[PDB]
2 protein chains.
Amino acid sequence: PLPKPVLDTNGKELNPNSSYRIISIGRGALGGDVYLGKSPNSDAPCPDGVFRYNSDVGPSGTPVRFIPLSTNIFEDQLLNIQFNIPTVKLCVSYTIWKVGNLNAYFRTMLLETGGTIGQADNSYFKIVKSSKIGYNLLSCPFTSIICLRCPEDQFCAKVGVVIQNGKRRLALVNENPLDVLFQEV
Amino acid sequence: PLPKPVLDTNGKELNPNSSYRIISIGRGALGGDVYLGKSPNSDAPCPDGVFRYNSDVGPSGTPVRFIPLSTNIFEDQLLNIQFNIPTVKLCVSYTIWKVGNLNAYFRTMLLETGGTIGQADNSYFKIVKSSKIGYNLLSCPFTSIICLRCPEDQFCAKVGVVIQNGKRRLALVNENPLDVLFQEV
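Residues numbered from 1 in each chain as written, not as in the entry; some residues may be left out. Chains lettered and ligands numbered in written order. Heavy atoms only, no water.

Engineer: Can you walk me through the interface of chain A and chain B in this structure?
Structural biologist: It is common to report an interface's size as the accessible area lost on association of the parts. Between chain A and chain B, the contact holds 25 residues from the first and 25 residues from the second. For the pair chain A and chain B, the summed buried surface comes to about 2300 Å²; carbon and sulfur atoms form 65% of the total. It is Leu 102, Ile 145 and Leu 148 of chain A in chain A that bury the most area against chain B; as a group they hold 24% of the surface buried on that side. Our enumeration of links across chain A and chain B arrives at zero salt bridges. (Contact = heavy atoms within 4.5 Å. Buried area = accessible area lost by both parts, 1.4 Å probe. Salt bridge = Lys/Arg side-chain N within 4 Å of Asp/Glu carboxyl O.)

Engineer: Looking at this model, I keep getting lost on the side chain of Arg 169 of chain A. Mind explaining?
Structural biologist: Residues and elements named next belong to chain A. Mapped onto the secondary structure, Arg 169 falls in strand β11 (residues 167-173). Buried charge without a salt bridge: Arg 169, with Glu 112 as the nearest opposite-charge side chain at an N-O distance of 4.2 Å. A distance of 3.1 Å separates the side chain of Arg 169 from the side chain of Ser 39, its partner in a polar contact. In this structure the side chain of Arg 169 is engaged in a polar contact, spanning 2.7 Å, whose partner is the backbone oxygen of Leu 111. (Helix = DSSP H or I, 4+ residues; strand = E, 2+ residues; numbered from the N terminus. Buried < 20%, exposed > 50% of the residue type's maximum accessible area, 1.4 Å probe, protein only. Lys, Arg positive; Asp, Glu negative; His and termini not counted. Polar contact = N/O pair within 3.5 Å; in protein donor to acceptor, adjacent residues only side chain to side chain.)

Engineer: Any chance you could explain the layout of surface pockets here in plain terms?
Structural biologist: If you roll a probe as big as a water molecule over the atoms, it shows you where there is empty space left. In this model, the largest pocket occupies a volume close to 460 Å³. Residue lining of the largest pocket: 21 residues in total, with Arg 149 of chain A together with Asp 76, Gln 77, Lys 126 and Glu 152 of chain B positioned closest to the centre. Counted by class, the lining of the largest pocket contains 10 nonpolar, four polar and seven charged residues. The volume enclosed by the second largest pocket comes to roughly 350 Å³. What lines the second largest pocket is a set of 19 residues, among which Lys 98, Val 99, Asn 101 and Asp 121 of chain A together with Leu 102 of chain B lie closest to the centre. If you list the elements that add at least two residues to the lining of the second largest pocket, you get β6 (97-103) and β7 (108-113) of chain A together with β6 (97-103) of chain B. For the lining of the second largest pocket, the element with the highest residue contribution is β6 of chain A, accounting for five residues. (1 Å grid on protein atoms, 1.4 Å probe; cavity = no way out; pocket = protein on both sides within 12 Å on 5 of 7 lines; lining within 4 Å. Points joined across faces, edges and corners; volume = space filled by probe spheres on them. Nonpolar A, V, L, I, M, F, W, Y, C, P; charged D, E, K, R; others polar.)

Engineer: Would you mind showing me how to read the state of the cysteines here?
Structural biologist: Note: disulfide means a covalent bond formed between the sulfur atoms of two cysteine side chains. All names here are of chain B. In the structure shown here, the tally under the stated rule is six disulfides over all chains. Here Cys 46 connects covalently by a disulfide to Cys 91, the sulfurs 2.0 Å from one another. Every disulfide takes its handedness from the sign of the S-S torsion; for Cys 46 and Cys 91 that torsion is -85°, giving left-handed. On the criterion of sequence distance, the pair formed by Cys 46 in the loop between β2 (34-37) and β3 (49-52) and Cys 91 in the loop between β5 (79-83) and β6 is long-range, its members being 45 residues apart. We note that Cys 46, like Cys 91, is buried. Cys 140 shares a disulfide with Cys 156; S-S distance 2.1 Å. Linking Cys 140 and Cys 156, the disulfide has an S-S dihedral of approximately 105° and is accordingly described as right-handed. Separated by 16 residues along the polypeptide, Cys 140 in the loop between β9 (135-139) and β10 (157-164) and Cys 156 in the loop between β9 and β10 bring together distant segments of the chain. Residue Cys 140 shares its accessibility class with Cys 156, and that shared class is buried. Disulfide partners in chain A, listed by the sequence order of the bonded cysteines, are 1-2, 3-6, 4-5. (Disulfide = S-S within 2.5 Å.)

Engineer: Is there a simple way to think about unusual backbone geometry in this case?
Structural biologist: Excluding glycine, a negative phi dihedral is what most residues carry, and trans is how most peptide bonds are arranged. Positioned with a positive phi, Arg 149 of chain A is a non-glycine residue whose angle comes to about 55°. Within the secondary structure, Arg 149 of chain A sits in the loop between β9 (135-139) and β10 (157-164). In this structure, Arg 107 of chain B takes a positive phi of about 60° despite not being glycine. Within the secondary structure, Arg 107 of chain B is located in the loop between β6 and β7 (108-113).

Engineer: Hey, could you run me through the pattern of salt bridges in this one?
Structural biologist: Oppositely charged side chains may form a pair once their charged atoms are brought near each other. Following the criterion strictly, the structure yields 12 salt bridges over all chains and no others. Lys 126 of chain A is the salt-bridge partner of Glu 152 of chain A, the closest N and O atoms lying 3.8 Å from each other. Residue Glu 152 of chain A is located in the loop between β9 and β10, and its partner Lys 126 of chain A is located in strand β8 (residues 125-129); the two are separated by 26 residues in the primary sequence. In this structure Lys 126 of chain A comes out as buried when scored by relative accessible area, which is 7%. For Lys 4 of chain B, the salt bridge goes to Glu 75 of chain B, with nearest N and O atoms at 3.7 Å. Placement of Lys 4 of chain B in the segment before β1 (20-24) and of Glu 75 of chain B in the loop between β4 (64-68) and β5 is noted, with a sequence separation of 71 residues between them. Look at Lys 4 of chain B and you get partly exposed, because its relative accessible area is 47%. Bridged by salt links that share partners, the residues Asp 76, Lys 126 and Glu 152 of chain A form one connected network.

Here you go:
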């Protein structure tokens, strides 16, 4: 298994020193870029929810960058994800992606912000090739805990969408992972 | 792989219609039964922490029963664990074992109560044979989420102990699982 670089919509290799919008494979009603929005009834002082839009005719996504363990971005390696936007000191962690507590209503964990870069705070994700066109994301939570007889001892789950207060909220899912492309801003 | 019943300290097969104390393999300073205690700074109206005593010369453990998916208790099958003690209506769920939210200090999840029986609420455990003498427990959290390329799609972790406010708090761990025996009350 030799490390395969991740490609953006121009075929260029994904790259830590740059930023991309996470865009839907689809168009119209099935389109909608990922963005940073306010989570319903959150106690956070900042926007802390990871959503995608209902269509592609609205606004463009919130740009993100990827932070790998080493130097490069390959498929199936732990990385941090961070919304790349101007921000006051307080809300800097609320741009870093992570996975939240178990949600009894949805029977899974929602994607949110308030994570950390380069630690073990449920803030690790993987980019892998989709079955259909494009990529999907994985959340690899609890890196400090051995998942018994798991690949590389790690719990990993596909990232998809749940409907929460009529919005497309990103969360861990079982079928239909969100199929994405990466568009360099 | 044929289902192997779990045995109590008298060699009798573990059994849903009865109750057991979860006792340490060891003696003295290394002994100490599992019990239901108050978690430090918990908002719960009831005792909601799963601990074991510092030695065996103190009190005896809190009795528990096991609730399997089918009819019997075998090694390596999901079951619920519940402290079996008199209780007001309010505190009944706070006798059912479950695993809590990610704890930043310990980099793992602590065992607590407030779980549910027969659902998907991080309330599932497994009893398996220890490497050393006796058994260990597993927590199998997030049964509603596919753990990718995992055994039976399930995230499972060994149950051990962390030191929290000088007490032996049960939690998910990586090395040194708590080695236990089951003693019929």
